[PDB]
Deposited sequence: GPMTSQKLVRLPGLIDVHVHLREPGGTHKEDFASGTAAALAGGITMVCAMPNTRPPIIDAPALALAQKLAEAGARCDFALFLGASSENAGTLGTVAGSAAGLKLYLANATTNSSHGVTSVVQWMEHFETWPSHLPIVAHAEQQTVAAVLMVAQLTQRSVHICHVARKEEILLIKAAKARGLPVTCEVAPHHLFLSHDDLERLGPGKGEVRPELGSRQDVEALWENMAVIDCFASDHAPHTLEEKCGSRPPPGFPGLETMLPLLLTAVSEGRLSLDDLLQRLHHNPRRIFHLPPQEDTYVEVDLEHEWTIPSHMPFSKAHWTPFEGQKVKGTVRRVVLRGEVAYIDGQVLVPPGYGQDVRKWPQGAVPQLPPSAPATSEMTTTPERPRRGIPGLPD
């Protein structure tokens, strides 16, 4: 009755440690990951302190090693001051994040593309015409780029045109941009519904599904904020998503909107090959595709303690997760302690191959 899947990978999560641990920490965020069928996460660098230099990465690595329950890699963040300074630590990171929603000039983007090691990943938060701009910088520096959370018809059609020209670009799409739209903003409210990229029109959502062939990865963009923060005076953008991503997508699979293989390419194989992430021995996920349930007002594990998918009916649930030979999750209970997770870039097979 159960379907065995490989260990799924979420390449875009915000785990808020250090500095935002009331929103989430490594222990709670990776508990949410395991409950969502995710055995490896790549954690973004916009923490406090931000992971924009070697001392902050060293701190974050130790906090993750001590708190993570699943395996992980940590992104470095591009800043206005660190281009050309990350060479000694660059290989220890998941990749370099460019946040193009602190850099402010395309010249600084160029400097990062020129100085970051050319064999290591660069991901960009780039919306609307910024996608076109960062692709231009990638071409000028003759390297690849990965575009985070594509959310608009405009963006996916541009990427589609770039791929037709043979340019090295890959992209990811988050669940809220496939299963939520403007039609949900009345229910969510302007605080809760705040996210970046913002929710799209029905035409945007329909374009993403129609152009699934162009989407390389799914990633949650897990961006936990407390309900107090989301409903407060200055709502931060972001949705929690680790615990709901796979149930939403399994529903789509059971409805024939994409195949099981389509899903595993986008949550396992393509994340592995874009970010050069290693396999996980003795690691798998067992899901039940027949159980119908309704998403509640908060999932059990994220400290966000709310979800924008409340009330949606899903079909599919994570029943069991085994991580490196140990039972890590069964039916609502996480069973590996904080600290069980490891930094995959420290594994011999987790280093990115490069010419000597």
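According to the record, no C-alpha positions are given for deposited positions 1 to 6, 108 to 115, 371 to 395, numbered from 1.
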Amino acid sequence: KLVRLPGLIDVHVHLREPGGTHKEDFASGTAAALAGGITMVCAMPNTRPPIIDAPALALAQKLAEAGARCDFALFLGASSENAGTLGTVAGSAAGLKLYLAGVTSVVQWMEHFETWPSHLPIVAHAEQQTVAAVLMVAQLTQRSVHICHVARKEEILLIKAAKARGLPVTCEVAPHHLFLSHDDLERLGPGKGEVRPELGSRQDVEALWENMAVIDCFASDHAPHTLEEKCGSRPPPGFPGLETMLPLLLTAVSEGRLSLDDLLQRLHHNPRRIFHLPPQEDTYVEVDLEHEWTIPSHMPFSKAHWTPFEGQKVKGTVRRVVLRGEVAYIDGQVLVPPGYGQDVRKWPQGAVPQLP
From here on, numbers count along this sequence of modelled residues.
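Taking only CA atoms, the mean B-factor in the PDB entry is higher for 327 to 335 than for the other of 28 to 36 and 327 to 335.
Stretches compared: 201 to 209, 225 to 233. Higher mean C-alpha B-factor in the entry: 225 to 233. Out of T104, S144, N270, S259, it is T104 whose C-alpha atom has the highest B-factor in the PDB entry. When the modelled residues of the chain are ordered by their C-alpha B factor, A64 lands in the middle third.
When the modelled residues of the chain are ordered by C-alpha B-factor, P240 sits in the middle third. For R152, the recorded CA temperature factor ranks within the lowest third of the chain's modelled residues.
Sort the modelled residues of the chain by CA B factor and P279 lands in the middle third.
Ranked against the other modelled residues of its chain, the C-alpha B-factor of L188 as given in the entry falls in the highest third.
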